[PDB]
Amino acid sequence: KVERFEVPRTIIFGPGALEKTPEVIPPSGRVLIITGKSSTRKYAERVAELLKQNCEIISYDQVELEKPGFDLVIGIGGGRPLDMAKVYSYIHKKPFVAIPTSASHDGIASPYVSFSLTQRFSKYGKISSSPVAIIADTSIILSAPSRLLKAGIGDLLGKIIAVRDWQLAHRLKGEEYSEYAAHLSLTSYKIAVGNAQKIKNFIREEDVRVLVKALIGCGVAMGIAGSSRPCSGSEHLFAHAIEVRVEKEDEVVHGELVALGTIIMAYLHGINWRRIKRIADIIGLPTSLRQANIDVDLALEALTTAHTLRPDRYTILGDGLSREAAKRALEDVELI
């Protein structure tokens, strides 16, 4: 039967593209500008001058999601404000404009909210908010720690696993599948390996224009697929199961964990994992648990429980990676 999806209609790319955001706002109604914490306020303020629209700027933690009376919602910052804007957008049925400030994740253009253990927004229904436009100011994005930008490559790497898991789940459990969305996800995976050596450093914006487009493409894949399955499988379960067991997320980064998870899940899938390490090193991502200061026993506890995080999502983890099996995996792949 009939599939339908949305794509960001307008995408502005380049240095000081933040200046151009008025081009993509209709000259109509009031504008909620959701922002991050804490250094994203310059930009969110920066924006508000350029618009003849009256626009209130609430930080994501202070947003009254049910409060109507806004005709458009911008979101600016990282994952948190962007999700929050998506939720606002969905509840009120209003256009959403994404203005990412960092590229470490693939939600940038996904209509879906990030995975949440407590299910922060389950109350609001099946949220689907494909941004009507994306302002990708490469200068803002660029001048960010090289850690968090090289990690965004790491996130791309996991798409080889996520597609496999999703295919498996389709064949074993009948989960809805889209051949195209999977190809689209791998298009973005194939970009990350083909331009691996090329952009590892990030001296120029030309390097992150490739990154961010590739992440944006993953977002649209999820949109076609109907969920994050094309871009997030066992390798992200690994990440999610770690970052739930750290005190502060501050002491660990998603895209590294994803990249580490990818090495592990490649081994479990019985595909070439040696190579994915070879790319990970070349990018400068940690290819060892110790290198990421991840405790051996923390990994084993995550690995052996990750199949329970998302019970309606089947991966190569199947029923449970056993402890003894996870120990050995870490060894053969050399994380430990």
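Quick note: we count residues from 1 along the sequence shown, nothing fancier.
Comparing 230-238 with 247-255, the stretch with the higher mean C-alpha B-factor in the PDB entry is 247-255.
Here 64-72 and 300-308 are compared by their mean Cα B-factor, and 64-72 comes out higher.
Remark: of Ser129, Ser185, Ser143, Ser114, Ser143 shows the highest value [criterion: C-alpha B-factor in the PDB entry].
When the modelled residues of the chain are ordered by their C-alpha B factor, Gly77 lands in the middle third.
In the PDB entry, a CA B factor belonging to the highest third of its chain's modelled residues is recorded for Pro15. Sort the modelled residues of the chain by CA B factor and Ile279 lands in the highest third. When the modelled residues of the chain are ordered by C-alpha B-factor, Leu268 sits in the lowest third. Per the deposited record, the Cα B-factor of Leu149 falls in the highest third when ranked against the other modelled residues of its chain.
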